[PDB]
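The chain below stands alone and is given as structure tokens, in the form deposited in one PDB entry.
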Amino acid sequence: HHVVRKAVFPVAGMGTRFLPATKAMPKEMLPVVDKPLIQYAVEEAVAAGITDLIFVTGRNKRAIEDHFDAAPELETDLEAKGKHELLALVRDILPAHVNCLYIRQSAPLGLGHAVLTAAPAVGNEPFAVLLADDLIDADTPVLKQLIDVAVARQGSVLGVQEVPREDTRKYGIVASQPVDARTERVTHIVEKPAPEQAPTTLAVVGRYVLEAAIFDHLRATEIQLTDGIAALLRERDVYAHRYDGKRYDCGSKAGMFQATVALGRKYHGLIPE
């Protein structure tokens, strides 16, 4: 019995490429049109059945906290002005059946450290990890696609997608063997290979379903999550799944700009002049 009801969001991104805008908010609070990156990822997790949100914070923690915690003053004012559609929007930022908690990472030691910071909230349960910088627009929530594989095959699951071989130095790359048309069993993982030397072109994106056994492997190990997963491979089953969906890499100014263009068009009718 796999049940995945907890998700971890590292939201301490320095976003140096986005300074000065990230002086007073973490990178994951920058909006795409009218919505912070992190809220797209939370909405995906909630659509996939997550009920427990775990935010790993750094500096400017209160931009995250004040975004997801209730703000009675705003709700009371909007009610008075009879702006009920707006009130509903504000209240859906954190739906009623969902809870959130906040944990401070001790220092910016990488994703693996951020994930390990969450162990006191996760316990001995499988959990999701979502990197809000990977904004994914999909007909079916990508985390749901990963969770259903995790439950069916009883193992951890990495979201992956094919990338051009020329780009593999940007990514963690999985060496894997097929088990069905979209799912593969991971045997090795390599961080930022030279393109000529990449074992495959199947890259890890910022969506994970991980068994709690990963925590012990990150305590032995900036601590890289890939190190934990590589160590986990020796004890437990790890799968990679080619999700259906369009990923916007908002870690760069250009990628974030194209997300604004594309999603502004699709969900807001905004068109460049």
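Rigid core (definition): largest C-alpha set, two forms, superposition within 1.5 Å. The first residue of the sequence shown is number 1, and the count goes up from there.
What comes next is about the form deposited in another entry, which does not appear here.
Displaced position between the shown form and the other one, chosen from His188, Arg153, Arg165, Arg185 (C-alpha, 2 Å or more, rigid core)
The only residue crossing the 2 Å threshold is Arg165.
C-alpha of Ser106 moved at least 2 Å between the shown form and the other one on rigid core:
The answer is no; the displacement is under 2 Å.
Note yes or no: does the Cα of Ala121 move by 2 Å or more between the shown form and the other one after the core is superposed?
Shift at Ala121: below 2 Å after core fit.
Given a superposition on the rigid core, I'd like a yes or no on whether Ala198 shifts its C-alpha by 2 Å or more between the shown form and the other one.
It does shift by 2 Å or more.
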